[PDB]
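Q: The structure that follows is given in the form of structure tokens.
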Amino acid sequence: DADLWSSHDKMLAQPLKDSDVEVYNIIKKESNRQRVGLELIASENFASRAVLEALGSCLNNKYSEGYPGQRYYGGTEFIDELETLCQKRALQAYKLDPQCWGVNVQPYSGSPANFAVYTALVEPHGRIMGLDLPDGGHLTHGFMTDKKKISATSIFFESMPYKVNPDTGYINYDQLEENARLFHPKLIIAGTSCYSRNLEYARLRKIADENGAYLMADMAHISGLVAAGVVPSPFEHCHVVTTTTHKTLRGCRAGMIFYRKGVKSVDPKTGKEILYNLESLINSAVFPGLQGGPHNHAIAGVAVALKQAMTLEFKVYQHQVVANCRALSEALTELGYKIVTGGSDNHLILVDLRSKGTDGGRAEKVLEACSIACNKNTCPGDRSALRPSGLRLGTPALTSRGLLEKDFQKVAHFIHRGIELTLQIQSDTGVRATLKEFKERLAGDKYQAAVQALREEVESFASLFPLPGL
Ligand SMILES: *Cc1c(COP(=O)(O)O)cnc(C)c1O
């Protein structure tokens, strides 16, 4: 009667460790995996303990559909304090005049943030232009083939990509300018997932105005760098700026949408001023358009991450991120590796493995087997996305653990050793071999000892550094 009811109360207060050992262990094994490994996936990072704590708060429970001062349900005085605080901070982090900029901090992640913007400004079947996927663009920027529209962006809107010059490695703004006059985009996306150089925002803005299109920046990858001023800000030339809250910003998974406010334009003779309406449209799209109840626990993590993003420690961190990237880039360049574009203005680089006689697909697996985390990626000039020539390496994750230039040089050496091992296996299985066979030889008995040797040396080196979280 009441024996089991007390057991119920004990169930909701019982620690994860006892309540679900199966899930507890998976988390433990994962924490260990992250500790002993070398994280070089550009999109990765480590959230601060303060941010992670906010996620487990009672904020999870409150349904707060709507916005501060425009809620559906009542009892949101504390939730309103939090959301208003989070957006106040978001504007500060980028030094934005509240009278000129506004922000929506409700997007569940980066992709939902982007889609929300298209839904509000582009509308069904409206045209969008983004960097081609194999050229370093993101799925949310549009992706389709002769056969089908793959990304939701291509499915609900009409997208056509602009490309990177296969020779230089830089975005071909000239071809974009030409095609925009033919396509008539309603919105141009200025953002990348795998690009080492700064974007010519002013030029993009010019091309946008010529076609009466919106210029939307997707700063997901460089959000942290832009915050610390380590890279030029997209806010000066863009109408809308979307972003992820994790990655280089070090918060929890979520997203934000920044939009222009105030005077859009004026009439020379009448003096009548037209104002921006981005705030209303974008807010309406997030809710009641696309999303439901806000994830207040995440909005807290974001708010916390934004306070940290404004500290000097963070600024130093971001400068170190770029310094480590330069160190890593030049170390590999000196070693005969071809870096697309020759270098980088940010946290990542794209290494063209054709310079060493191999590809990123094979190199990715070998490096993984040795606890070196990174991802394959097509290079400008690749005749097939099935056999990508490069590897995308980013420094934010390891930099957060304390790594410095000297450490990144050691990391560069470790990476090269992985490539040697890759080359060995590649030649050992023949020149007409498939990726399927390569994976088998890698997990085979012949290279078992070599992999373990390198893996252990990698793991013992990574183990020397702290792992933010706990
Ligand atoms: C990371 C990223 C996103 C957001 O991805 P989510 O996994 O949905 O958070 C969107 N656009 C770009 C360019 C990104 O790099």
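Naming scheme: A, B, ... for chains in displayed order of the structure tokens; residues 1 onward per chain; ligands 1 onward as shown.
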Stretch 307-342 of chain A: which residues are helix (DSSP H, G or I) by DSSP, as a ChimeraX atom specification?
A: /A:307-308,312-334
Q: Hey, can you spit out that residue selection with N, CA, C and O atoms as a short mmCIF file (atom, residue, chain, number, x, y, z; two decimals), in the first residue's frame?
A:
data_model
loop_
_atom_site.label_atom_id
_atom_site.label_comp_id
_atom_site.auth_asym_id
_atom_site.auth_seq_id
_atom_site.Cartn_x
_atom_site.Cartn_y
_atom_site.Cartn_z
N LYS A 307 28.97 34.46 -20.29
CA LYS A 307 29.64 35.27 -19.27
C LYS A 307 31.12 34.92 -19.36
O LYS A 307 31.98 35.81 -19.33
N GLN A 308 31.41 33.63 -19.50
CA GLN A 308 32.78 33.14 -19.62
C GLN A 308 33.41 33.65 -20.90
O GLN A 308 34.60 33.97 -20.94
N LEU A 312 38.78 37.61 -19.71
CA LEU A 312 40.10 37.73 -20.28
C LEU A 312 40.69 36.34 -20.50
O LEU A 312 41.36 36.10 -21.50
N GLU A 313 40.40 35.41 -19.59
CA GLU A 313 40.88 34.04 -19.70
C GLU A 313 40.42 33.43 -21.03
O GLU A 313 41.17 32.71 -21.68
N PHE A 314 39.19 33.75 -21.44
CA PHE A 314 38.62 33.26 -22.69
C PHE A 314 39.33 33.86 -23.89
O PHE A 314 39.63 33.17 -24.86
N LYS A 315 39.58 35.16 -23.81
CA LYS A 315 40.26 35.91 -24.87
C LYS A 315 41.65 35.31 -25.11
O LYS A 315 42.07 35.13 -26.25
N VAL A 316 42.34 35.00 -24.02
CA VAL A 316 43.68 34.41 -24.08
C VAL A 316 43.56 33.02 -24.72
O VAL A 316 44.39 32.64 -25.56
N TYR A 317 42.51 32.31 -24.34
CA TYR A 317 42.24 30.97 -24.87
C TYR A 317 42.08 31.00 -26.39
O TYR A 317 42.72 30.22 -27.09
N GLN A 318 41.27 31.93 -26.89
CA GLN A 318 41.04 32.04 -28.32
C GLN A 318 42.30 32.42 -29.11
O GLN A 318 42.50 31.95 -30.23
N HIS A 319 43.15 33.27 -28.53
CA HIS A 319 44.39 33.66 -29.20
C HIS A 319 45.32 32.46 -29.27
O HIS A 319 46.00 32.23 -30.28
N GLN A 320 45.31 31.67 -28.19
CA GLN A 320 46.12 30.47 -28.10
C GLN A 320 45.62 29.43 -29.12
O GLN A 320 46.42 28.68 -29.68
N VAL A 321 44.31 29.42 -29.34
CA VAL A 321 43.68 28.51 -30.31
C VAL A 321 44.25 28.74 -31.71
O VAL A 321 44.63 27.79 -32.40
N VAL A 322 44.33 30.01 -32.10
CA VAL A 322 44.86 30.40 -33.40
C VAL A 322 46.38 30.18 -33.47
O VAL A 322 46.90 29.69 -34.47
N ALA A 323 47.07 30.51 -32.38
CA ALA A 323 48.52 30.34 -32.32
C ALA A 323 48.87 28.86 -32.48
O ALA A 323 49.81 28.51 -33.20
N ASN A 324 48.09 28.00 -31.84
CA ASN A 324 48.30 26.56 -31.92
C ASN A 324 48.01 26.06 -33.32
O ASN A 324 48.62 25.09 -33.78
N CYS A 325 47.07 26.70 -34.00
CA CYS A 325 46.72 26.31 -35.35
C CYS A 325 47.87 26.67 -36.28
O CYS A 325 48.24 25.87 -37.15
N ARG A 326 48.45 27.85 -36.08
CA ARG A 326 49.58 28.29 -36.90
C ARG A 326 50.74 27.32 -36.68
O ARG A 326 51.34 26.84 -37.64
N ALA A 327 50.99 26.99 -35.41
CA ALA A 327 52.06 26.06 -35.03
C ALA A 327 51.88 24.71 -35.70
O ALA A 327 52.82 24.17 -36.28
N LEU A 328 50.67 24.18 -35.63
CA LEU A 328 50.33 22.90 -36.23
C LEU A 328 50.44 22.95 -37.75
O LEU A 328 50.98 22.03 -38.38
N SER A 329 49.92 24.02 -38.34
CA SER A 329 49.95 24.18 -39.79
C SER A 329 51.37 24.23 -40.31
O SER A 329 51.74 23.46 -41.20
N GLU A 330 52.19 25.12 -39.74
CA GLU A 330 53.56 25.24 -40.20
C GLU A 330 54.41 23.99 -39.94
O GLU A 330 55.23 23.62 -40.77
N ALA A 331 54.16 23.31 -38.82
CA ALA A 331 54.89 22.08 -38.51
C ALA A 331 54.66 21.06 -39.62
O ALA A 331 55.61 20.47 -40.14
N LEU A 332 53.40 20.87 -40.00
CA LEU A 332 53.04 19.93 -41.06
C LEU A 332 53.53 20.41 -42.43
O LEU A 332 53.91 19.59 -43.27
N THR A 333 53.50 21.72 -42.66
CA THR A 333 53.96 22.28 -43.93
C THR A 333 55.45 21.97 -44.08
O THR A 333 55.90 21.52 -45.14
N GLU A 334 56.20 22.21 -43.01
CA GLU A 334 57.64 21.96 -42.97
C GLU A 334 57.90 20.48 -43.23
O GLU A 334 58.92 20.11 -43.81
#
Q: Could you name the residues that touch residue A:407 at 10 Å or less, counting only C-alpha atoms, but leaving out those on the same chain fewer than 4 positions away, as a list in words?
A: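 So, after excluding close chain neighbours, the residues are residues 324, 327, 328, 398, 399, 402, 403, 411, 412, 413 and 461 of chain A.
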Q: Create the file for the chosen residues now, containing C-alpha atoms and written as a PDB file, in the first residue's frame.
A:
ATOM      1  CA  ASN A 324      48.301  26.559 -31.921  1.00  0.00           C
ATOM      2  CA  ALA A 327      52.059  26.065 -35.026  1.00  0.00           C
ATOM      3  CA  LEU A 328      50.334  22.895 -36.231  1.00  0.00           C
ATOM      4  CA  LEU A 398      43.032  20.298 -27.192  1.00  0.00           C
ATOM      5  CA  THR A 399      43.742  23.967 -26.526  1.00  0.00           C
ATOM      6  CA  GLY A 402      46.084  23.247 -21.884  1.00  0.00           C
ATOM      7  CA  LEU A 403      48.062  22.353 -25.042  1.00  0.00           C
ATOM      8  CA  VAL A 411      50.823  16.366 -31.929  1.00  0.00           C
ATOM      9  CA  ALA A 412      51.857  17.107 -35.517  1.00  0.00           C
ATOM     10  CA  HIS A 413      54.592  14.450 -35.228  1.00  0.00           C
ATOM     11  CA  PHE A 461      50.627  11.927 -23.811  1.00  0.00           C
TER      12      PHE A 461
END
Q: Would you list the residues that come within 9 Å of ligand 1? Count only C-alpha atoms and all ligand atoms and give the answer as number ranges by chain.
A: A: 43, 108-114, 136-141, 190-194, 218-222, 242-247, 253-255
Q: Quick one: write out the picked residues with N, CA, C and O atoms as a tab-separated table (two decimals), in the first residue's frame?
A:
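Result file is again_0.tsv:
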chain	number	residue	atom	x	y	z
A	43	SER	N	34.95	20.77	-34.90
A	43	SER	CA	33.67	21.09	-34.28
A	43	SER	C	33.55	20.70	-32.81
A	43	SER	O	32.55	21.00	-32.15
A	108	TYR	N	17.04	25.12	-30.47
A	108	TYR	CA	17.53	23.90	-29.85
A	108	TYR	C	18.96	23.52	-30.20
A	108	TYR	O	19.65	22.85	-29.43
A	109	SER	N	19.41	23.94	-31.38
A	109	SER	CA	20.78	23.67	-31.82
A	109	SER	C	21.08	24.62	-32.98
A	109	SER	O	20.32	25.57	-33.22
A	110	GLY	N	22.19	24.40	-33.68
A	110	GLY	CA	22.54	25.26	-34.79
A	110	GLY	C	21.64	25.11	-36.00
A	110	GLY	O	21.19	26.10	-36.58
A	111	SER	N	21.38	23.86	-36.40
A	111	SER	CA	20.52	23.60	-37.54
A	111	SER	C	19.11	24.19	-37.36
A	111	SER	O	18.56	24.78	-38.29
A	112	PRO	N	18.50	24.03	-36.18
A	112	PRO	CA	17.16	24.60	-35.99
A	112	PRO	C	17.20	26.12	-36.08
A	112	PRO	O	16.22	26.74	-36.49
A	113	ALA	N	18.34	26.70	-35.71
A	113	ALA	CA	18.52	28.15	-35.75
A	113	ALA	C	18.47	28.63	-37.20
A	113	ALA	O	17.73	29.57	-37.52
A	114	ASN	N	19.24	27.98	-38.06
A	114	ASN	CA	19.29	28.33	-39.48
A	114	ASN	C	17.94	28.20	-40.14
A	114	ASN	O	17.47	29.13	-40.80
A	136	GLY	N	33.36	22.85	-48.24
A	136	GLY	CA	33.41	23.35	-46.88
A	136	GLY	C	32.12	23.96	-46.35
A	136	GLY	O	32.13	24.61	-45.30
A	137	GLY	N	31.02	23.77	-47.07
A	137	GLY	CA	29.74	24.30	-46.62
A	137	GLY	C	29.08	23.36	-45.64
A	137	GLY	O	29.61	22.27	-45.37
A	138	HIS	N	27.94	23.76	-45.08
A	138	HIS	CA	27.22	22.92	-44.13
A	138	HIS	C	25.89	22.48	-44.75
A	138	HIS	O	25.33	23.19	-45.58
A	139	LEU	N	25.39	21.31	-44.35
A	139	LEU	CA	24.13	20.79	-44.87
A	139	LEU	C	22.99	21.81	-44.80
A	139	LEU	O	22.20	21.91	-45.73
A	140	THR	N	22.93	22.56	-43.71
A	140	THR	CA	21.88	23.56	-43.51
A	140	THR	C	21.98	24.71	-44.50
A	140	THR	O	21.07	25.54	-44.57
A	141	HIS	N	23.08	24.78	-45.24
A	141	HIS	CA	23.26	25.83	-46.24
A	141	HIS	C	22.69	25.39	-47.58
A	141	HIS	O	22.67	26.16	-48.54
A	190	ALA	N	26.74	33.38	-45.34
A	190	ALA	CA	28.17	33.62	-45.18
A	190	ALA	C	28.62	32.85	-43.94
A	190	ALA	O	28.54	33.36	-42.81
A	191	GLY	N	29.03	31.61	-44.14
A	191	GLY	CA	29.46	30.77	-43.04
A	191	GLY	C	29.98	29.46	-43.59
A	191	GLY	O	29.56	29.03	-44.66
A	192	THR	N	30.87	28.81	-42.85
A	192	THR	CA	31.46	27.56	-43.32
A	192	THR	C	31.60	26.52	-42.23
A	192	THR	O	31.54	26.82	-41.04
A	193	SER	N	31.81	25.28	-42.64
A	193	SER	CA	31.99	24.19	-41.70
A	193	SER	C	33.46	23.74	-41.76
A	193	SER	O	34.04	23.34	-40.75
A	194	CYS	N	34.07	23.88	-42.94
A	194	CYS	CA	35.46	23.49	-43.16
A	194	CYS	C	36.18	24.46	-44.09
A	194	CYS	O	36.42	24.16	-45.27
A	218	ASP	N	26.60	32.52	-40.74
A	218	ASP	CA	26.45	31.34	-39.89
A	218	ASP	C	27.82	31.15	-39.25
A	218	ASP	O	28.65	30.39	-39.75
A	219	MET	N	28.05	31.87	-38.16
A	219	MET	CA	29.34	31.84	-37.47
A	219	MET	C	29.59	30.67	-36.51
A	219	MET	O	30.52	30.72	-35.72
A	220	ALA	N	28.79	29.62	-36.60
A	220	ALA	CA	28.92	28.46	-35.72
A	220	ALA	C	30.35	28.06	-35.35
A	220	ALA	O	30.71	28.02	-34.17
A	221	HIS	N	31.18	27.83	-36.37
A	221	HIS	CA	32.56	27.42	-36.14
A	221	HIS	C	33.49	28.44	-35.49
A	221	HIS	O	34.33	28.08	-34.66
A	222	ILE	N	33.30	29.71	-35.82
A	222	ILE	CA	34.16	30.77	-35.30
A	222	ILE	C	33.53	31.67	-34.23
A	222	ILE	O	34.11	32.70	-33.88
A	242	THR	N	23.56	33.78	-37.37
A	242	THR	CA	23.12	32.61	-36.62
A	242	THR	C	24.37	31.95	-36.09
A	242	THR	O	25.48	32.15	-36.60
A	243	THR	N	24.18	31.13	-35.07
A	243	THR	CA	25.31	30.45	-34.49
A	243	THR	C	24.90	29.32	-33.60
A	243	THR	O	23.78	29.26	-33.09
A	244	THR	N	25.87	28.46	-33.37
A	244	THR	CA	25.75	27.32	-32.52
A	244	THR	C	26.26	27.87	-31.17
A	244	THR	O	26.89	28.93	-31.13
A	245	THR	N	25.92	27.23	-30.05
A	245	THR	CA	26.41	27.73	-28.76
A	245	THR	C	27.58	26.91	-28.24
A	245	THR	O	28.24	27.30	-27.27
A	246	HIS	N	27.82	25.77	-28.87
A	246	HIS	CA	28.94	24.92	-28.50
A	246	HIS	C	30.13	25.24	-29.41
A	246	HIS	O	30.37	26.41	-29.71
A	247	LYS	N	30.85	24.22	-29.86
A	247	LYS	CA	32.02	24.43	-30.72
A	247	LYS	C	32.99	25.43	-30.07
A	247	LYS	O	33.24	25.33	-28.87
A	253	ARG	N	25.01	22.31	-26.26
A	253	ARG	CA	24.42	22.32	-27.59
A	253	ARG	C	23.16	23.15	-27.59
A	253	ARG	O	22.24	22.91	-26.79
A	254	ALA	N	23.13	24.13	-28.48
A	254	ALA	CA	22.01	25.04	-28.65
A	254	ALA	C	22.39	26.01	-29.76
A	254	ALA	O	23.43	25.86	-30.39
A	255	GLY	N	21.53	27.00	-29.99
A	255	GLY	CA	21.82	27.97	-31.02
A	255	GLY	C	21.19	29.32	-30.72
A	255	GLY	O	20.36	29.44	-29.83
Q: DSSP on the backbone: which residues in stretch 119-282 of chain A end up as strand (DSSP E)? Give the answer as a PyMOL selection string.
A: chain A and resi 127-131+158-162+187-190+214-218+240-244+255-260+263-266+273-275
Q: I'd like the interatomic distance between atom CA of residue A:178 and atom CA of residue A:350, to a tenth of an Å.
A: 27.3 Å
Q: Using only C-alpha atoms, which residues sit within 12 Å of residue A:382 once same-chain residues fewer than 2 positions away are excluded, as a ChimeraX atom specification?
A: /A:134-135,164-167,169,352-354,359-360,377-380,384-390
Q: Hey, what's within 8 Å of residue A:241 if we count only C-alpha atoms and toss same-chain stuff fewer than 3 positions away? As a PyMOL selection string, please?
A: chain A and resi 216-219+234-235+238+257-259
Q: Just write the chosen residues, C-alpha atoms, as a tab-separated table (two decimals), in the first residue's frame.
A:
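Output below, filename part.tsv:
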chain	number	residue	atom	x	y	z
A	216	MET	CA	23.00	35.84	-43.21
A	217	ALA	CA	26.19	34.78	-41.50
A	218	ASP	CA	26.45	31.34	-39.89
A	219	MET	CA	29.34	31.84	-37.47
A	234	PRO	CA	30.46	39.41	-39.32
A	235	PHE	CA	28.09	41.74	-37.46
A	238	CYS	CA	25.36	41.06	-42.08
A	257	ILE	CA	19.77	34.06	-33.94
A	258	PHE	CA	20.99	37.67	-34.02
A	259	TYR	CA	19.06	40.16	-36.13
Q: Atom CA of residue A:427 and atom CA of residue A:452 are how many Å apart?
A: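 That distance, rounded to one decimal, is 20.0 Å.
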Q: Would you compute the distance between atom CA of residue A:424 and atom CA of residue A:410? Give it in Å to one decimal.
A: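 Between these atoms lies a distance of 21.4 Å.
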Q: At a cut-off of 9 Å, using only C-alpha atoms, what residues contact residue A:196? Leave out same-chain residues fewer than 2 positions from it and give the result as an MDAnalysis selection string.
A: chainID A and resid 194 198 340:341 343:350
Q: Go ahead and save the picked residues with N, CA, C and O atoms, as a compact mmCIF listing (two decimals), in the first residue's frame.
A:
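Full text of again01.txt as output:
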# COMPACT_ATOMS: atom_id res chain seq x y z
N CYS A 194 34.07 23.88 -42.94
CA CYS A 194 35.46 23.49 -43.16
C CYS A 194 36.18 24.46 -44.09
O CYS A 194 36.42 24.16 -45.27
N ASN A 198 39.21 33.80 -43.35
CA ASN A 198 38.17 34.78 -43.05
C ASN A 198 37.31 35.02 -44.29
O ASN A 198 37.80 34.96 -45.42
N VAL A 340 45.64 23.28 -47.57
CA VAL A 340 44.81 24.01 -48.52
C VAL A 340 44.81 25.48 -48.12
O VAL A 340 44.60 25.79 -46.95
N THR A 341 45.11 26.35 -49.09
CA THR A 341 45.17 27.79 -48.87
C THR A 341 46.52 28.18 -48.22
O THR A 341 46.80 29.35 -47.97
N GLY A 343 47.60 28.01 -45.30
CA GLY A 343 47.57 28.24 -43.87
C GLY A 343 46.16 28.41 -43.36
O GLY A 343 45.23 27.80 -43.88
N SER A 344 45.99 29.28 -42.36
CA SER A 344 44.70 29.52 -41.74
C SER A 344 44.66 30.82 -40.95
O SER A 344 45.68 31.26 -40.39
N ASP A 345 43.48 31.43 -40.89
CA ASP A 345 43.27 32.66 -40.14
C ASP A 345 42.53 32.30 -38.86
O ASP A 345 42.30 33.15 -38.00
N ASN A 346 42.16 31.02 -38.73
CA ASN A 346 41.39 30.57 -37.58
C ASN A 346 41.88 29.33 -36.83
O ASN A 346 43.07 29.01 -36.80
N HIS A 347 40.91 28.63 -36.23
CA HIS A 347 41.12 27.44 -35.42
C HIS A 347 41.34 26.11 -36.16
O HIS A 347 41.62 25.10 -35.51
N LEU A 348 41.19 26.11 -37.48
CA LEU A 348 41.36 24.87 -38.24
C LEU A 348 42.17 24.97 -39.52
O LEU A 348 42.47 26.06 -40.01
N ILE A 349 42.50 23.80 -40.06
CA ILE A 349 43.24 23.66 -41.31
C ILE A 349 42.73 22.42 -42.02
O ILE A 349 42.20 21.50 -41.40
N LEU A 350 42.89 22.41 -43.34
CA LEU A 350 42.49 21.29 -44.17
C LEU A 350 43.76 20.78 -44.85
O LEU A 350 44.35 21.47 -45.69
Q: Within 9 Å of residue A:208, counting only C-alpha atoms, which residues qualify if same-chain residues fewer than 6 places away don't, as JSON, numbers by chain?
A: {"A": [177, 180, 185, 186, 187, 188, 214, 215]}
Q: Point out the residue among A:105, A:86, A:374, A:199 with the least atom-to-atom distance to residue A:39, counting only C-alpha atoms.
A: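 Comparing A:105, A:86, A:374, A:199 against residue A:39, the winner is A:374.
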Q: Considering only C-alpha atoms, state which residue in the set A:202, A:121, A:266, A:252 is at the smallest distance from residue A:232.
A: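 Ranked by minimum distance to residue A:232, first place goes to A:202.
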Q: From the list A:151, A:371, A:283, A:248, which residue is nearest residue A:457 when using only C-alpha atoms?
A: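 Looking only at the distances to residue A:457, the closest residue turns out to be A:371.
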Q: Nearest residue to residue A:358 out of A:260, A:376, A:8, A:17, using only C-alpha atoms?
A: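 Nearest candidate to residue A:358 out of A:260, A:376, A:8, A:17: A:376.
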